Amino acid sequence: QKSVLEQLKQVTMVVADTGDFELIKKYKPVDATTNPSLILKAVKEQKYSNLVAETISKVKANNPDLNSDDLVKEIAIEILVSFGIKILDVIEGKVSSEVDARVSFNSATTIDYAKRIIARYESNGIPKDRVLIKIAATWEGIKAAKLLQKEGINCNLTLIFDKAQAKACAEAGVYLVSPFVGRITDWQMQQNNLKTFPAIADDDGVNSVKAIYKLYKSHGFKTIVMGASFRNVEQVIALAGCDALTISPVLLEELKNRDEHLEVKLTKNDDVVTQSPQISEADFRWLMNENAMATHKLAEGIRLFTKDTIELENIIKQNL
């Protein structure tokens, strides 16, 4: 008689995927995740209009010497952080905040942006252990995360569409990876103009996370596997037992209202640990190129997040 959501929480760390903090409390997730598209969506909700306006005025008044370009950048990071803090107010776990997608191919500036995010959280009275820095899993992002982790800054490597990509992240000692499910299912359906979701056993997105989970547990990697991007509740249910799953409020609502028994599908084991050679940059780039879907979706994800980041900047400029 227990909801599927409540049962899921006992075998998987449930995470809410949204910037709309007022919707989080009723699902009581452990952690929460944001991204540039979710922040933009929240910024355009009338209920957060004053939060945005206040942030713009505060940063503007506190930084009278910054040139207009730098001012807009500061406001954008403060908005990202402001939503993150409102989220932390209603959860006991961590919040993921993503670096500017425009630095995705530059490890040095990714590190800079990551530290700036942490600095803003700290200036606002939040300890860094409550925050995960979200970084696109390009070779450069992974390289950046490797350095950040060495300095005690936990990262969430996102836009993961390939197993070799996930392996490189684990080898860099990243705290958590977000292999995508839904966007892979999108590719699969679009390839043949499919009108209905594939059967779970045939869902490329679900199988991607299953393969990454199996890889991690067989290699003793401690990086947390967090499935992200979902199109339907069956995809979430098929991954019950995964370390974590970040889920939209719409799907959390469906899970909360279903009371069927939930069977765990992903489980850890005590098998002999496999030790393997490290993935070099050249091998990573080759393997990614061989995966047509992965190369396309990683590139597209960066382009789309960039578009939403630029839209936010334009909103800031139009209200400065």
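The term rigid core refers to the maximal set of C-alpha atoms that superpose within 1.5 Å between the two forms. Throughout, we count residues from 1 along the sequence that is shown.
Enquirer: With the rigid core as the fit anchor, does 80-88 or 193-201 show bigger C-alpha shifts in 4 other deposited structures of this protein?
Expert: The answer is 193-201, which departs more from the shown form in 4 other deposited structures of this protein.
Enquirer: Using RMS Cα distance over all structures and residues, flag whichever of 24-32 and 43-51 lies farther from this form in 4 other deposited structures of this protein after a core fit.
Expert: After the core superposition, the stretch with higher RMS deviation in 4 other deposited structures of this protein is 43-51.
Enquirer: Are coordinates for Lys58 absent from at least a third of the other PDB entries that model its neighbours?
Expert: No, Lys58 has coordinates in all the other entries compared.
Enquirer: Given the other compared entries that model the residues flanking it, would you say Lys268 is unmodelled in at least one third?
Expert: Yes, a third or more of the compared structures omit it.
Enquirer: On average, which has the higher Cα B-factor in the deposited entry, 48-56 or 252-260?
Expert: Looking at the record's C-alpha B-factors, the answer is 48-56.
Enquirer: I need to verify one thing: averaged over C-alpha atoms only, is the B-factor higher for 97-105 or for 189-197?
Expert: Stretch with the greater average CA B-factor: 189-197.
Enquirer: Comparing recorded Cα B-factors across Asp31, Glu281, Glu290, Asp65, which one is largest?
Expert: It is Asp65.
Enquirer: Can you work out whether the C-alpha temperature factor of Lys9 puts it in the lowest, middle or highest third of the chain?
Expert: Middle third.
Enquirer: Taking the values exactly as deposited, rank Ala16 by C-alpha B-factor within its chain and report the matching third: lowest, middle or highest.
Expert: CA B-factor rank for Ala16: lowest third.
Enquirer: How does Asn232 rank on Cα B-factor within its chain, lowest, middle or highest third?
Expert: For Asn232, the deposited C-alpha B-factor lands in the middle third.
Enquirer: Where does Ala42 sit by CA temperature factor within its chain: lowest, middle or highest third?
Expert: Middle third, going by the recorded CA B-factors of the chain.
Enquirer: Per the entry's values, where does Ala211 land by CA temperature factor relative to the rest of its chain, in the lowest, middle or highest third?
Expert: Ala211: CA B-factor falls in the middle third of its chain.
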